[PDB]
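When a ligand or atom number is given, it counts from 1 through the structure's own listing order. Protein chains get the first letters and strands the later ones, always in sequence-line order, with residue 1 at the start of each.
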Amino acid sequence: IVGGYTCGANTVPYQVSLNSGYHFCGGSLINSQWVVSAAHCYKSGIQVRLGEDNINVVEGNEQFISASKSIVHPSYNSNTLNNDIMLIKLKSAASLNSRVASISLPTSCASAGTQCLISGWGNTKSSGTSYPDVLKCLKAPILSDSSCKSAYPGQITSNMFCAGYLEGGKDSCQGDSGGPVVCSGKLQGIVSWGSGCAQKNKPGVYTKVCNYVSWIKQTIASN
Amino acid sequence: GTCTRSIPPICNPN
Ligand SMILES: [Ca+2]
């Protein structure tokens, strides 16, 4: 997260870290046994780390649970990033508490201009790299479809939306992929891609979760 | 020049 702020320990209790001997992507807990992340975050050997603040120190309230299923959307296109969504089933259910909690799925899509919370352990610099120990947070608005498409001609599918700031300086970044965009208490976005980070006229692009609520429910119900 | 926001990034020539 570039241009954000320190969230505060466990203030984003649905935020998880995907770990393969290092943090590589975020995700969102949507019930005690299932996590939403990005399809491009798929790999073997994922350990889901819940209740985290400082990801480099065992502080208390962590739960480390192996992924037992990592389900990429069958129509994920790795070149366009269309359908960039993945469901992870935890090997055992997380223990839900004030510091480890699920986030609601949307019942309808969000509107341009609505303020959302984006969070993660990604790079905090728009030039070079600096990776934080503790979770970072950013308030950012959903942009209009025409502005999103104007920023990224020929690249925005109906399963994507833009959020952030065209003046630069505030954005998600490498390491935030798969993590949450939460608007009005609903998971509306998944950190996906962008041109650089926090660059002028290049907002973040996010998977449009409201288009996948039925697929998520049907996939969980059959697994 | 566009990249996924994973570690490591997956990037396009553009
Ligand atoms: Ca920790």
Side-chain angles (χ1 to χ4, degrees), chain A residues 1-38 40-70 86-104 116-125 128-140 170-182 185 187 189-192 197-198 204 206, chain B residues 4-9:
Chain A
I1 305 288
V2 178
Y5 58 95
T6 297
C7 304
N10 310 116
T11 59
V12 189
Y14 50 88
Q15 169 87 53
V16 307
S17 167
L18 306 189
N19 183 287
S20 59
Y22 56 95
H23 165 89
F24 69 90
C25 277
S28 303
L29 189 70
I30 58 165
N31 65 39
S32 67
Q33 215 167 0
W34 287 91
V35 162
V36 169
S37 186
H40 73 261
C41 295
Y42 171 82
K43 62 170 66 180
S44 295
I46 295 177
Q47 183 185 67
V48 177
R49 299 190 166 199
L50 307 100
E52 285 279 20
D53 189 45
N54 187 327
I55 50 170
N56 290 307
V57 174
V58 178
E59 303 182 281
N61 312 305
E62 292 97 346
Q63 295 174 50
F64 295 175
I65 306 174
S66 300
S68 61
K69 306 172 180 293
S70 299
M86 171 172 67
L87 288 172
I88 290 169
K89 192 181 187 180
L90 305 177
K91 181 174 174 183
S92 56
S95 300
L96 297 187
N97 51 58
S98 65
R99 298 167 165 110
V100 178
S102 61
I103 183 74
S104 294
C116 310
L117 181 65
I118 312 176
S119 49
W121 288 274
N123 193 3
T124 63
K125 288 179 176 167
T129 60
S130 178
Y131 295 105
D133 289 326
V134 301
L135 185 65
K136 303 294 177 165
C137 275
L138 174 74
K139 302 299 225 325
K170 288 169 150 190
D171 202 1
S172 53
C173 201
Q174 273 66 43
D176 294 324
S177 267
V181 178
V182 167
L187 179 69
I190 306 166
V191 181
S192 190
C197 304
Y206 297 92
Chain B
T4 65
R5 277 152 182 202
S6 53
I7 293 161

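- Counting only N and O atoms by type, the side chains of A:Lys136 and A:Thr6 include a donor and acceptor under 3.5 Å apart.
- A side chain to side chain contact (heavy atoms under 4.5 Å, CB included) with A:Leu90 is found for exactly one of A:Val16, A:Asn31, A:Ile65, namely A:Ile65.
- Relative to the six-membered ring of A:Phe24, A:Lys43 meets both conditions, a distance below 6.0 Å and an angle of at most 45° to the axis.
- Judged purely by distance below 3.5 Å, without hydrogens or angles, the side chains of A:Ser172 and A:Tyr206 pair a donor atom with an acceptor atom.
- Protein N/O/S atoms found under 3.0 Å from the Ca ion (ligand 1): A:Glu52 OE1, A:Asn54 O, A:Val57 O, A:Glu62 OE2.
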Step-by-step side chain to side chain contact (heavy atoms under 4.5 Å, CB included) determination, A:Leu50 to A:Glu62: CA-CA 6 Å; A:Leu50 307 100; A:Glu62 292 97 346; over 6 Å; no
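- Within the structure, the side-chain hydrogen bond (donor to acceptor under 3.5 Å, both in side chains) test picks out the following pairs touching residues 48-58 of chain A (sequence neighbours left out): A:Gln47-A:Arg49, A:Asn56-A:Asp133.
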